[PDB]
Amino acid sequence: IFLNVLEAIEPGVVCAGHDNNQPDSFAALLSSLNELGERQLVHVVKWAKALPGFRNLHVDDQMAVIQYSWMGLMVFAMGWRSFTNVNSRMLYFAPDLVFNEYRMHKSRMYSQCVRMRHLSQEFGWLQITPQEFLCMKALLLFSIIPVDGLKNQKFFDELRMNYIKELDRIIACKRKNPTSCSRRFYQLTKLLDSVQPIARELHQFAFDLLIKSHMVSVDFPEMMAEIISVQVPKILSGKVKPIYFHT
């Protein structure tokens, strides 16, 4: 019933509202991205709260976990959309905001976009199924926490353990073949680990942009601006860190 729940709660299409009549400029692109980011955050919150066992977490931990993993979750899902929509050729942030190389450059996030596009390609190189994608995204929500722990660490550890086992099942079920399916699990865990460094570059870029937004003329929605100035700094200063499968 796990996979059914994931498929049932999976967010739908989310547009950015980008004016594709305009010629493209740093401000216009980033202003649309920030608006889309706020929109996606709202959907990620609803998605997370409807995940199996998620309400078992302390109230403060629930939001904490969502805010810390928000960027990684967006990276992962967007990498998936790009793979299934345009074969990783471009970055499908939204139906009305697709990034070609010109916008990657004009947005001033080229290196970050290069990393993300590489991630999207991995979905194809590894032949990731829709089901593995859903389970991995779920596990991604439980992959970053304060080094000093959450208000109720034990509950988080139990929930994380259960999602790892669900991923292990979706791999074991009629699909594999050999005796040691440590290979498919190994690469999927490696792929999830690869999201963290990308999220970190996006975190850094988001932080730097918010600090100088006043000049660059870029609006930051209320919720996104609070996460970037309250949550993000904690990740950048080393207080909250990703949980890596491999060292």
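Residue numbers here begin at 1 and follow the sequence given.
Visitor: Could you settle it for me: does 81-89 or 136-144 have the higher average Cα B factor in the PDB entry?
Guide: Between 81-89 and 136-144, it is 81-89.
Visitor: With reference to the PDB entry, specify whether the mean Cα temperature factor is higher for 16-24 or for 226-234.
Guide: Of 226-234 and 16-24, the stretch with the higher C-alpha B-factor average is 16-24.
Visitor: Check the PDB entry and point out which of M161, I171, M74, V114 has the largest C-alpha temperature factor.
Guide: Reading the PDB entry, the winner on C-alpha B-factor is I171.
Visitor: Per the entry's values, where does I1 land by CA temperature factor relative to the rest of its chain, in the lowest, middle or highest third?
Guide: As the PDB entry reports it, the C-alpha B-factor of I1 lands in the highest third of its chain.
Visitor: Ranked by Cα temperature factor within the chain, is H43 in the lowest third, the middle third or the highest third?
Guide: Middle third.
Visitor: Considering every modelled residue of the chain and its Cα B-factor in the PDB entry, is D60 in the lowest, middle or highest third?
Guide: For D60, the deposited C-alpha B-factor lands in the highest third.
Visitor: Considering only modelled residues of the same chain, in which third does the CA B-factor of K49 rank: lowest, middle or highest?
Guide: According to the entry, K49 has a C-alpha B-factor in the chain's middle third.
Visitor: Within this chain, which third does the Cα B-factor at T189 fall in: lowest, middle or highest?
Guide: Its C-alpha B-factor belongs to the middle third of this chain's values.
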